[PDB]
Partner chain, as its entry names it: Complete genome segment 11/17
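Only one chain is included here, represented as structure tokens and corresponding to the form deposited without its partner chain.
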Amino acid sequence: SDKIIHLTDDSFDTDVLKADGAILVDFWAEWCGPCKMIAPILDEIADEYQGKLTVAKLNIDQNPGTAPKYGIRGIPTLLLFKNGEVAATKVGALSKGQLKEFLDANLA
């Protein structure tokens, strides 16, 4: 999480819903192995897209309410919030290339 924003339900309002720019919100949980697998990828992405994409992580174990709120199907769940509006989303993990493509395609 070297360059990742750890969100909470409480902070979600101001940090995501009242955001400006592109925020990639990765919903995760300690037990959800693949979240840990993508974590370094998300950090690399965060570094690569510094100032272009705000990479964020949201711990659902601590913040369950977010899952129902965003009809989360299963974690890891990446929600790409442009100014509080979900521009795109991804259920499950991604490879670095595909993730870069996905993000780039949204950022445009």
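Numbering follows the first chain given and starts at 1.
This next part talks about the form deposited with its partner chain bound, which is not shown.
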What I'd like checked is whether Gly21, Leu53 and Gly84 together line its partner chain in the deposited complex, meaning each has a non-hydrogen atom within 4.5 Å of it. no
Looking at the partner-bound form in the deposited complex, is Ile60 within 4.5 Å of its partner chain by any heavy atom? yes
Would you please decide whether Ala46 lies within 4.5 angstroms of its partner chain in the deposited complex, comparing each non-hydrogen atom pair? no
Interface residues of 80-101 toward its partner chain, as seen in the deposited complex [heavy atoms, 4.5 Å]: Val91, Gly92, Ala93
